[PDB]
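Below you'll find the structure, written out as structure tokens, and then a few comments.
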Protein chains: 2
Amino acid sequence: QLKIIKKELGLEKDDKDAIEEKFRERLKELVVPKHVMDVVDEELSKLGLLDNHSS
Amino acid sequence: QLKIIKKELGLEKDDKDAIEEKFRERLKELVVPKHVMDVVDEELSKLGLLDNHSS
């Protein structure tokens with residue numbers, strides 16, 4: 001119950017989406033090479049699949 | 001009993017079926033050695049068996 005109240009109101013509800021978008025914006029201004037962009041995107045997707053607790 | 005199996009909302013994951021077909025088509029065109037073929041098939045069965053969030 002404690003978790004749900006912090007998770008849905010108290011603290012960050014979208015920790016996944018938050019970092020997923022925040023990485024993207026931090027990545028905005030640099031001229032990031034395609035060699036990079038592919039790996040970062042697929043890995044970010046990999047982050048989007050998995051459970052928050054996964055070690 | 002077959003329709004009872006089908007008429008349920010707890011059957012084979014759509015996500016797993018998509019990956020299943022995806023890796024199959026991925027193998028569709030390769031000159032695949034037997035070792036990887038059988039290992040891939042048994043592992044695909046294991047993929048079908050498992051729940052969508054286990055590590």
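Ordering of the structure tokens sets the chain letters (A, B, ...), residue numbers begin anew at 1 in every chain, and ligands are numbered from 1 in the order given.
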- request: Excluding region 37-46 of chain A and any residue of its chain fewer than 5 positions from it, enumerate the residues within 12 Å of it, using only C-alpha atoms, and give them as JSON, numbers by chain.
  value: {"A": [16, 17, 18, 19, 20, 21, 22, 23, 24, 27, 28, 30, 31, 32, 51, 52, 54]}
Mobile chain A fitted to chain B over all in-order Cα pairs, reported as an mmCIF file with N, CA, C and O atoms, in the first residue's frame:
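File written: result-v5.cif
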data_model
loop_
_atom_site.group_PDB
_atom_site.id
_atom_site.type_symbol
_atom_site.label_atom_id
_atom_site.label_comp_id
_atom_site.auth_asym_id
_atom_site.auth_seq_id
_atom_site.Cartn_x
_atom_site.Cartn_y
_atom_site.Cartn_z
ATOM 1 N N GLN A 1 -12.569 -15.889 -15.722
ATOM 2 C CA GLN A 1 -13.507 -16.017 -16.827
ATOM 3 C C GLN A 1 -13.138 -15.066 -17.943
ATOM 4 O O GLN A 1 -13.068 -15.467 -19.106
ATOM 5 N N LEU A 2 -12.731 -13.857 -17.569
ATOM 6 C CA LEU A 2 -12.341 -12.834 -18.526
ATOM 7 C C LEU A 2 -11.151 -13.321 -19.327
ATOM 8 O O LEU A 2 -11.112 -13.208 -20.567
ATOM 9 N N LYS A 3 -10.179 -13.891 -18.612
ATOM 10 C CA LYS A 3 -8.964 -14.372 -19.238
ATOM 11 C C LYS A 3 -9.312 -15.447 -20.242
ATOM 12 O O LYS A 3 -8.791 -15.432 -21.353
ATOM 13 N N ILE A 4 -10.066 -16.460 -19.818
ATOM 14 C CA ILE A 4 -10.417 -17.545 -20.731
ATOM 15 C C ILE A 4 -11.128 -17.025 -21.976
ATOM 16 O O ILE A 4 -10.874 -17.519 -23.078
ATOM 17 N N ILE A 5 -11.966 -15.989 -21.848
ATOM 18 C CA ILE A 5 -12.645 -15.548 -23.072
ATOM 19 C C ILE A 5 -11.728 -14.795 -23.993
ATOM 20 O O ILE A 5 -11.892 -14.857 -25.219
ATOM 21 N N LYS A 6 -10.721 -14.141 -23.454
ATOM 22 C CA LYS A 6 -9.807 -13.446 -24.344
ATOM 23 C C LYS A 6 -8.797 -14.437 -24.908
ATOM 24 O O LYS A 6 -8.474 -14.408 -26.101
ATOM 25 N N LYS A 7 -8.328 -15.328 -24.040
ATOM 26 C CA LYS A 7 -7.353 -16.364 -24.341
ATOM 27 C C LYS A 7 -7.852 -17.405 -25.326
ATOM 28 O O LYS A 7 -7.035 -17.969 -26.053
ATOM 29 N N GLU A 8 -9.155 -17.683 -25.377
ATOM 30 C CA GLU A 8 -9.662 -18.708 -26.279
ATOM 31 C C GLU A 8 -10.420 -18.162 -27.468
ATOM 32 O O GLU A 8 -10.762 -18.946 -28.362
ATOM 33 N N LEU A 9 -10.675 -16.863 -27.522
ATOM 34 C CA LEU A 9 -11.392 -16.321 -28.656
ATOM 35 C C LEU A 9 -10.884 -14.922 -28.929
ATOM 36 O O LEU A 9 -10.410 -14.670 -30.041
ATOM 37 N N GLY A 10 -11.081 -13.993 -27.989
ATOM 38 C CA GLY A 10 -10.676 -12.613 -28.186
ATOM 39 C C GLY A 10 -9.263 -12.398 -28.708
ATOM 40 O O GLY A 10 -9.097 -12.030 -29.873
ATOM 41 N N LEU A 11 -8.243 -12.640 -27.870
ATOM 42 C CA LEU A 11 -6.845 -12.473 -28.248
ATOM 43 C C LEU A 11 -6.188 -13.795 -28.675
ATOM 44 O O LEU A 11 -6.840 -14.834 -28.801
ATOM 45 N N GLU A 12 -4.871 -13.726 -28.918
ATOM 46 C CA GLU A 12 -4.015 -14.849 -29.303
ATOM 47 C C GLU A 12 -4.174 -16.054 -28.394
ATOM 48 O O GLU A 12 -3.866 -15.975 -27.202
ATOM 49 N N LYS A 13 -4.641 -17.172 -28.947
ATOM 50 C CA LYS A 13 -4.703 -18.402 -28.154
ATOM 51 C C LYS A 13 -3.374 -19.158 -28.065
ATOM 52 O O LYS A 13 -3.040 -19.699 -27.004
ATOM 53 N N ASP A 14 -2.589 -19.159 -29.145
ATOM 54 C CA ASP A 14 -1.291 -19.842 -29.208
ATOM 55 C C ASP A 14 -0.129 -18.874 -29.182
ATOM 56 O O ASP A 14 0.547 -18.732 -30.206
ATOM 57 N N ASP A 15 0.055 -18.122 -28.106
ATOM 58 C CA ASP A 15 1.175 -17.188 -28.115
ATOM 59 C C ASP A 15 2.495 -17.936 -28.261
ATOM 60 O O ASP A 15 3.350 -17.525 -29.063
ATOM 61 N N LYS A 16 2.619 -19.098 -27.597
ATOM 62 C CA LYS A 16 3.840 -19.893 -27.723
ATOM 63 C C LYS A 16 4.053 -20.327 -29.158
ATOM 64 O O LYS A 16 5.082 -20.005 -29.758
ATOM 65 N N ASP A 17 3.085 -21.069 -29.712
ATOM 66 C CA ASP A 17 3.224 -21.578 -31.072
ATOM 67 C C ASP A 17 3.434 -20.447 -32.049
ATOM 68 O O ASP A 17 4.181 -20.593 -33.024
ATOM 69 N N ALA A 18 2.755 -19.323 -31.808
ATOM 70 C CA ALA A 18 2.818 -18.203 -32.727
ATOM 71 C C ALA A 18 4.248 -17.722 -32.857
ATOM 72 O O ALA A 18 4.798 -17.678 -33.960
ATOM 73 N N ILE A 19 4.866 -17.358 -31.727
ATOM 74 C CA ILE A 19 6.239 -16.875 -31.837
ATOM 75 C C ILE A 19 7.168 -17.990 -32.267
ATOM 76 O O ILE A 19 8.145 -17.742 -32.967
ATOM 77 N N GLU A 20 6.875 -19.229 -31.870
ATOM 78 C CA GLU A 20 7.748 -20.343 -32.214
ATOM 79 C C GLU A 20 7.835 -20.531 -33.711
ATOM 80 O O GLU A 20 8.917 -20.746 -34.267
ATOM 81 N N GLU A 21 6.706 -20.406 -34.375
ATOM 82 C CA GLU A 21 6.655 -20.545 -35.812
ATOM 83 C C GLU A 21 7.123 -19.267 -36.487
ATOM 84 O O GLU A 21 7.797 -19.305 -37.521
ATOM 85 N N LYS A 22 6.755 -18.126 -35.922
ATOM 86 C CA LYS A 22 7.094 -16.856 -36.533
ATOM 87 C C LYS A 22 8.590 -16.581 -36.493
ATOM 88 O O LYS A 22 9.149 -15.955 -37.401
ATOM 89 N N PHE A 23 9.250 -16.994 -35.428
ATOM 90 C CA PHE A 23 10.698 -16.929 -35.400
ATOM 91 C C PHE A 23 11.291 -17.782 -36.494
ATOM 92 O O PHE A 23 12.248 -17.376 -37.166
ATOM 93 N N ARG A 24 10.727 -18.973 -36.681
ATOM 94 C CA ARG A 24 11.248 -19.888 -37.677
ATOM 95 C C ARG A 24 11.146 -19.281 -39.063
ATOM 96 O O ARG A 24 12.081 -19.362 -39.867
ATOM 97 N N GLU A 25 10.013 -18.648 -39.346
ATOM 98 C CA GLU A 25 9.828 -18.088 -40.677
ATOM 99 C C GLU A 25 10.708 -16.865 -40.863
ATOM 100 O O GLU A 25 11.267 -16.665 -41.946
ATOM 101 N N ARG A 26 10.832 -16.021 -39.822
ATOM 102 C CA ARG A 26 11.745 -14.884 -39.918
ATOM 103 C C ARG A 26 13.162 -15.359 -40.166
ATOM 104 O O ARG A 26 13.951 -14.671 -40.815
ATOM 105 N N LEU A 27 13.479 -16.543 -39.680
ATOM 106 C CA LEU A 27 14.769 -17.162 -39.824
ATOM 107 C C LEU A 27 14.927 -17.844 -41.173
ATOM 108 O O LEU A 27 16.034 -18.287 -41.486
ATOM 109 N N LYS A 28 13.857 -17.944 -41.968
ATOM 110 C CA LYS A 28 13.905 -18.725 -43.199
ATOM 111 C C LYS A 28 14.953 -18.189 -44.183
ATOM 112 O O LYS A 28 15.863 -18.920 -44.585
ATOM 113 N N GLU A 29 14.853 -16.920 -44.583
ATOM 114 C CA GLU A 29 15.601 -16.474 -45.753
ATOM 115 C C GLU A 29 17.092 -16.272 -45.506
ATOM 116 O O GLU A 29 17.884 -16.410 -46.442
ATOM 117 N N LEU A 30 17.500 -15.944 -44.290
ATOM 118 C CA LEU A 30 18.914 -15.701 -44.052
ATOM 119 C C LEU A 30 19.684 -17.009 -44.123
ATOM 120 O O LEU A 30 19.142 -18.077 -43.837
ATOM 121 N N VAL A 31 20.964 -16.921 -44.481
ATOM 122 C CA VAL A 31 21.837 -18.094 -44.429
ATOM 123 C C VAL A 31 22.453 -18.076 -43.035
ATOM 124 O O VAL A 31 23.514 -17.522 -42.777
ATOM 125 N N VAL A 32 21.708 -18.655 -42.114
ATOM 126 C CA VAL A 32 22.045 -18.644 -40.700
ATOM 127 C C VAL A 32 23.084 -19.730 -40.390
ATOM 128 O O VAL A 32 22.842 -20.898 -40.715
ATOM 129 N N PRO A 33 24.240 -19.418 -39.787
ATOM 130 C CA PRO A 33 25.247 -20.456 -39.490
ATOM 131 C C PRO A 33 24.840 -21.529 -38.486
ATOM 132 O O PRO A 33 24.006 -21.315 -37.608
ATOM 133 N N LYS A 34 25.435 -22.722 -38.659
ATOM 134 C CA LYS A 34 25.127 -23.861 -37.795
ATOM 135 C C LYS A 34 25.425 -23.552 -36.349
ATOM 136 O O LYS A 34 24.669 -23.993 -35.454
ATOM 137 N N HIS A 35 26.428 -22.678 -36.122
ATOM 138 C CA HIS A 35 26.771 -22.245 -34.782
ATOM 139 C C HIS A 35 25.560 -21.596 -34.160
ATOM 140 O O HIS A 35 25.445 -21.549 -32.935
ATOM 141 N N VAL A 36 24.732 -20.966 -34.983
ATOM 142 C CA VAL A 36 23.604 -20.254 -34.472
ATOM 143 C C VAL A 36 22.463 -21.233 -34.329
ATOM 144 O O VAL A 36 21.835 -21.291 -33.268
ATOM 145 N N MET A 37 22.275 -22.036 -35.402
ATOM 146 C CA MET A 37 21.045 -22.806 -35.561
ATOM 147 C C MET A 37 20.825 -23.720 -34.379
ATOM 148 O O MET A 37 19.701 -23.856 -33.879
ATOM 149 N N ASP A 38 21.919 -24.269 -33.861
ATOM 150 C CA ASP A 38 21.801 -25.172 -32.720
ATOM 151 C C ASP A 38 21.285 -24.453 -31.476
ATOM 152 O O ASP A 38 20.340 -24.918 -30.817
ATOM 153 N N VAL A 39 21.849 -23.284 -31.186
ATOM 154 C CA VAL A 39 21.461 -22.548 -29.997
ATOM 155 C C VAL A 39 20.030 -22.083 -30.114
ATOM 156 O O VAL A 39 19.245 -22.195 -29.169
ATOM 157 N N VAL A 40 19.684 -21.532 -31.271
ATOM 158 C CA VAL A 40 18.328 -21.032 -31.449
ATOM 159 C C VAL A 40 17.324 -22.160 -31.345
ATOM 160 O O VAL A 40 16.252 -21.987 -30.759
ATOM 161 N N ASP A 41 17.674 -23.350 -31.821
ATOM 162 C CA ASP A 41 16.675 -24.399 -31.769
ATOM 163 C C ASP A 41 16.488 -24.886 -30.349
ATOM 164 O O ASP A 41 15.353 -25.068 -29.893
ATOM 165 N N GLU A 42 17.593 -25.124 -29.642
ATOM 166 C CA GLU A 42 17.458 -25.615 -28.281
ATOM 167 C C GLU A 42 16.768 -24.595 -27.399
ATOM 168 O O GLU A 42 15.939 -24.945 -26.553
ATOM 169 N N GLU A 43 17.071 -23.321 -27.605
ATOM 170 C CA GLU A 43 16.402 -22.306 -26.827
ATOM 171 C C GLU A 43 14.935 -22.221 -27.187
ATOM 172 O O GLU A 43 14.098 -21.959 -26.323
ATOM 173 N N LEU A 44 14.604 -22.408 -28.464
ATOM 174 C CA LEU A 44 13.205 -22.350 -28.849
ATOM 175 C C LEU A 44 12.451 -23.503 -28.222
ATOM 176 O O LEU A 44 11.290 -23.362 -27.826
ATOM 177 N N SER A 45 13.127 -24.636 -28.077
ATOM 178 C CA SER A 45 12.530 -25.752 -27.371
ATOM 179 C C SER A 45 12.319 -25.366 -25.926
ATOM 180 O O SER A 45 11.261 -25.640 -25.342
ATOM 181 N N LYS A 46 13.328 -24.706 -25.349
ATOM 182 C CA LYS A 46 13.247 -24.250 -23.969
ATOM 183 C C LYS A 46 12.055 -23.337 -23.792
ATOM 184 O O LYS A 46 11.345 -23.402 -22.789
ATOM 185 N N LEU A 47 11.787 -22.526 -24.806
ATOM 186 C CA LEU A 47 10.605 -21.690 -24.790
ATOM 187 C C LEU A 47 9.358 -22.544 -24.878
ATOM 188 O O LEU A 47 8.333 -22.214 -24.276
ATOM 189 N N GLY A 48 9.441 -23.664 -25.591
ATOM 190 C CA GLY A 48 8.269 -24.495 -25.737
ATOM 191 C C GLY A 48 7.915 -25.238 -24.476
ATOM 192 O O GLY A 48 6.756 -25.628 -24.309
ATOM 193 N N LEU A 49 8.866 -25.415 -23.568
ATOM 194 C CA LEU A 49 8.521 -26.150 -22.361
ATOM 195 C C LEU A 49 7.716 -25.268 -21.423
ATOM 196 O O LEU A 49 6.651 -25.656 -20.938
ATOM 197 N N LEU A 50 8.216 -24.070 -21.180
ATOM 198 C CA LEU A 50 7.839 -23.288 -20.019
ATOM 199 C C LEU A 50 6.506 -22.564 -20.149
ATOM 200 O O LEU A 50 5.998 -22.288 -21.237
ATOM 201 N N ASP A 51 5.948 -22.282 -18.975
ATOM 202 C CA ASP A 51 4.713 -21.536 -18.799
ATOM 203 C C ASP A 51 4.877 -20.095 -19.255
ATOM 204 O O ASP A 51 5.943 -19.487 -19.122
ATOM 205 N N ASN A 52 3.786 -19.571 -19.818
ATOM 206 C CA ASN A 52 3.794 -18.279 -20.484
ATOM 207 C C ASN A 52 4.181 -17.177 -19.514
ATOM 208 O O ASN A 52 4.835 -16.201 -19.898
ATOM 209 N N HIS A 53 3.802 -17.331 -18.250
ATOM 210 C CA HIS A 53 4.023 -16.330 -17.228
ATOM 211 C C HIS A 53 5.421 -16.350 -16.639
ATOM 212 O O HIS A 53 5.703 -15.486 -15.802
ATOM 213 N N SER A 54 6.246 -17.351 -16.964
ATOM 214 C CA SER A 54 7.542 -17.499 -16.316
ATOM 215 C C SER A 54 8.369 -16.246 -16.540
ATOM 216 O O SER A 54 8.356 -15.677 -17.632
ATOM 217 N N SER A 55 8.959 -15.728 -15.467
ATOM 218 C CA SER A 55 9.589 -14.425 -15.594
ATOM 219 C C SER A 55 10.757 -14.482 -16.557
ATOM 220 O O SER A 55 10.993 -13.530 -17.307
#
task: Could you pull out the residues in chain A that DSSP calls helix (DSSP H, G or I) from the backbone, as a ChimeraX atom specification?
output: /A:2-10,15-26,34-49
